[PDB]
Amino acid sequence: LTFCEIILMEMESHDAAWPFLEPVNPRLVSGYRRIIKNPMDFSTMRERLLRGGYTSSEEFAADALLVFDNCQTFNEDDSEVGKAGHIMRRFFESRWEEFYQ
């Protein structure tokens, strides 16, 4: 899972990562809690990873993909947040394939 941490750090430093660094505060984003039932973000992933809460790379990847699937459900593809989610998903998938094929 050290390679999960490497990928997480690269995601956290990406130019398109800004929507995903911290949990969405649903008080500030109308409809978020109604539409997205299983929120996820990179800081929540980091807290779990550091504490040993992922028992396989698959569990970590499922949380990453949940970030991107939530983003695609909630936001238009041509919105700033939606565009960022598509970039981040492809970045994740590309880096993932280097360590986990």
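Numbers for residues come from their place in the sequence shown, where the first is 1.
- For the pair 89-97 and 19-27, the mean B factor over Cα atoms is greater in 89-97.
- Looking at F68, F42, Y54, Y32, the one whose CA carries the top B-factor in the deposited record is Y54.
- Split the chain's modelled residues into thirds by C-alpha temperature factor. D63 is in the lowest one.
- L8: CA B factor in the lowest third of modelled residues in this chain (values from the PDB entry).
- Compared with the other modelled residues of the chain, the Cα B-factor recorded for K37 ranks in the highest third.
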